[PDB]
Amino acid sequence: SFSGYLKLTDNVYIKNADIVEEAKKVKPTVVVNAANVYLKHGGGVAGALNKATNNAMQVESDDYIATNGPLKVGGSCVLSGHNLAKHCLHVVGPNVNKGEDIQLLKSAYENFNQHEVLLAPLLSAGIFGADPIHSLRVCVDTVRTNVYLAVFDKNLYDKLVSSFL
Ligand SMILES: CC(=O)NCC1(c2ccccc2)CCOCC1
């Protein structure tokens, strides 16, 4: 199973790791993608997960959007995990760099509660522009299921652990 994680709470764990490398190693039931409403996996975690699937995630996602239309900010959809996981839970956290309501981050994390265990990034962190310390706090206060957080940046990982209340 998951190794080398620091336990933050009863159900939240954290590790300084590349979520792609973590997913290829563990092959979890669910890997969370930091998705946008259009499932356009261009950069950040989404671009990296999609590149690891040889673009199969994007092809599947475009068919999903053609059929269903875009997701809501704070919403999610379950698609294939391809070579990374059994499933990919595409979750849309608010993108602060697009003026999206940061209060939608709790709604985004509520999607994790439909899955008993997940490998995930911090929602709305990175290129989504939110404060990762705030994202971790919303995660621990919202998610009740077992969440294994992969934080790519070592310096951010150390700051998150050292400042965790
Ligand atoms: C494995 C486990 O007990 N998970 C905790 C929660 C649960 C409770 C009972 C049945 C299934 C899920 C997750 C959903 O929110 C409520 C607690």
Side-chain angles (χ1 to χ4, degrees), residues 1-37 39 41 44-46 48-49 52-53 57 60-61 64-65 67-96 100-126 128 130-152 156-157 160-165:
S1 49
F2 293 91
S3 70
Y5 284 78
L6 176 69
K7 183 165 181 63
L8 297 179
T9 72
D10 177 55
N11 62 300
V12 179
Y13 295 81
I14 195 167
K15 188 183 177 177
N16 172 36
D18 183 341
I19 195 172
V20 170
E21 294 313 307
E22 197 65 13
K24 291 174 178 181
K25 173 182 176 79
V26 171
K27 301 176 167 166
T29 303
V30 179
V31 66
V32 174
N33 180 31
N36 52 54
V37 299
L39 302 184
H41 312 306
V45 168
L49 290 175
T53 73
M57 177 181 286
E60 177 198 30
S61 295
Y64 172 92
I65 297 290
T67 296
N68 298 289
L71 280 68
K72 290 170 179 179
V73 172
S76 72
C77 72
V78 178
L79 291 176
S80 178
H82 299 277
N83 58 319
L84 300 176
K86 171 185 172 206
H87 295 302
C88 178
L89 178 70
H90 294 272
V91 180
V92 186
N95 188 324
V96 173
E100 299 168 350
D101 184 5
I102 193 56
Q103 267 266 137
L104 291 160
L105 184 55
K106 191 175 180 70
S107 300
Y109 273 115
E110 287 169 344
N111 295 285
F112 287 28
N113 290 322
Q114 302 291 321
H115 300 279
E116 278 196 333
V117 60
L118 316 89
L119 167 61
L122 283 167
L123 300 178
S124 298
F128 280 62
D131 177 3
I133 297 180
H134 175 61
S135 186
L136 178 56
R137 176 44 51 190
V138 176
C139 179
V140 301
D141 291 346
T142 308
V143 184
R144 298 175 302 280
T145 56
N146 296 320
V147 56
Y148 288 84
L149 298 167
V151 177
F152 181 62
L156 174 56
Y157 172 82
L160 286 165
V161 170
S162 63
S163 61
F164 182 65
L165 250 173

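Read the numbers this way: they start at 1 and go in the same order the structure lists the ligands and their atoms. Residue numbers run from 1 in the order of the sequence given. The figures here come from the full heavy-atom set of this structure, side chains too, leaving out hydrogens, waters and symmetry mates.
Going from atom CG of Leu71 over to atom CD1 of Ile65 covers 5.5 Å, rounded to the nearest 0.5 Å.
Centroid-to-centroid, the aromatic rings of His41 and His90 come within less than 6.0 Å.
Open room surrounds CZ on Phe152; 12 or fewer heavy atoms of other groups in view lie less than 6.0 Å from it. Residue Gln114 places its CD atom among 12 or fewer non-hydrogen atoms of other residues, nucleotides or ligands, all under 6.0 Å distant.
Closer than 4.0 angstrom to ligand 1 by heavy atom are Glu116, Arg144, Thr145, sorted by chain and number.
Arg144 pairs by the salt bridge (charged side-chain N to carboxylate O under 4.0 Å, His left out) definition with nothing, not counting sequence neighbours.
Between the side chain of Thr145 and the main chain of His115, a donor-acceptor pair closer than 3.5 Å is present.
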